[PDB]
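Worksheet: the structure to be examined is printed underneath.
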Amino acid sequence: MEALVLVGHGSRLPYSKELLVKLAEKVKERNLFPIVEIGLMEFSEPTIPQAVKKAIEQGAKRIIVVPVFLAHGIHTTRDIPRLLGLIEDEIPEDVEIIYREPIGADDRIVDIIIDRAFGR
Amino acid sequence: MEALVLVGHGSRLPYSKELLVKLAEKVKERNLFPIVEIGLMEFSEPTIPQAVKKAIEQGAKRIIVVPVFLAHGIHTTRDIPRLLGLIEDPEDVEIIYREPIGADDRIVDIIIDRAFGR
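Residue numbers (the numbering used here), protein chains in the order written: chain H, 116 to 235; chain X, 515 to 632.
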């Protein structure tokens with residue numbers, strides 16, 4: 116009934132997509148959502164509209180979109196909201212989009228950064 | 515004798531720099547490094563060269579540069595290594611260029627919190 120759609124920037128290099136793919140597979144291992152999909156804003160497929168459409172086709176009525184971005188930027192305030200039809204510039208009536216917050220300066224990001232600082 | 519330099523993308527919007535400032539503030543509260551600085555690749559200051567120079571001028575002999583990026587891209591493979599002089603485009607000072615965040619289990623934890631509005 117509900118889907119998690121992870122959306123990322125995309126890249127002409129493969130690492131941004133590989134990131135989202137690994138993150139989605141880990142989320143799937145958690146067994147929290149019946150439907151998990153990824154979408155890339157630019158350069159690579161699946162795109163964000165394709166990811167949302169896939170979620171709908173699989174039967175999701177609530178689509179939770181999590182922007183896998185560290186900070187807000189034009190991507191998360193304009194481009195992705197536009198793609199999702201959330202701001203003015205096909206979502207069935209019985210489907211709601213829930214657009215969530217980016218990662219931000221989470222304490223766990225500090226933990227990761229310190230590990231990286233020490234090469235771990 | 516060692517500094518942590520957090521480098522971020524930078525943005526015409528203020529959120530990217532605000533993120534790096536807040537992260538640096540939280541690192542400083544953990545009292546692990548005598549010197550902590552931020553640098554932004556573009557659009558905004560401190561720049562990455564300025565951040566490294568500040569660290570050196572404060573006496574750091576080993577500069578640990580952590581790219582605050584989720585995944586590698588042209589910025590972490592080309593642009594930042596070039597600014598740091600690590601690839602073709604300081605005597606007693608060593609630059610240690612670390613890995614980005616990547617698909618860390620803790621990113622999954624954050625994503626799930628965000629998914630549920632937390």
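Where is the CB? At the ideal position from N, CA and C, for every residue including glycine.
Under DSSP, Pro182 (chain H) takes part in a beta bridge, and its partners are H:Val122. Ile171 (chain H): member of the alpha helix (DSSP H) spanning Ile163 to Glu172, first to last residue. In the three-state reduction of the DSSP assignment, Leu198 (chain H) falls in the helix class. Within the stretch 206-226 of chain H, those residues whose Cβ lies closer than 9 Å to any Cβ of chain X are, in chain order, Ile213, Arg215, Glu216, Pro217, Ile218, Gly219, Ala220, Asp221, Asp222, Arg223, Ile224, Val225 and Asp226. Taken through DSSP and simplified to helix, strand or coil, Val607 (chain X) comes out as coil. Not a single CB atom of chain H sits nearer than 8 Å to the CB of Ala565 (chain X).
For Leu155 (chain H), the enclosing beta strand (DSSP E) begins and ends at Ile150 to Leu155.
With respect to chain H, the C-beta atom of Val521 (chain X) has no partner C-beta closer than 8 Å. Cβ-Cβ separation between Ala517 (chain X) and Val541 (chain X): approximately 11 Å, too far for a contact (criterion under 8 Å).
Per DSSP, the continuous alpha helix (DSSP H) segment holding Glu133 (chain H) begins and ends at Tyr130 to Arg145.
Contact of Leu185 (chain H) with chain X by beta-carbon distance below 7 Å involves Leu533, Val582 and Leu584. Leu533 (chain X) is positioned such that its CB atom lies no closer than 8 Å to that of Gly524 (chain X). With respect to chain X, the C-beta atom of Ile150 (chain H) has no partner C-beta closer than 8 Å. For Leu198 (chain H), the CB contacts under 7 Å within the same chain, skipping 5 residues up- and downstream, are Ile163 and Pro164 in chain order. For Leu537 (chain X), the nearest beta carbon of chain H is closer than 8 Å to its own beta carbon.
By the neighbour-count definition (other C-beta atoms within 10 Å, threshold 16), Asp204 (chain H) is an exposed residue. The count of Cβ pairs closer than 8 Å, one atom from the stretch 183-200 of chain H and one from the stretch 586-595 of chain X, stays below three, leaving the stretches out of contact. For the pair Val210 (chain H) and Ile179 (chain H), the CB atoms are not nearer than the 8 Å cut-off.
Nearest neighbour of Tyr214 (chain H) by Cα position, chosen from X:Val582, X:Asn545, X:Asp618 and X:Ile625, turns out to be X:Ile625. In the structure shown, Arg612 (chain X) falls within a coil segment according to DSSP collapsed to helix, strand and coil.
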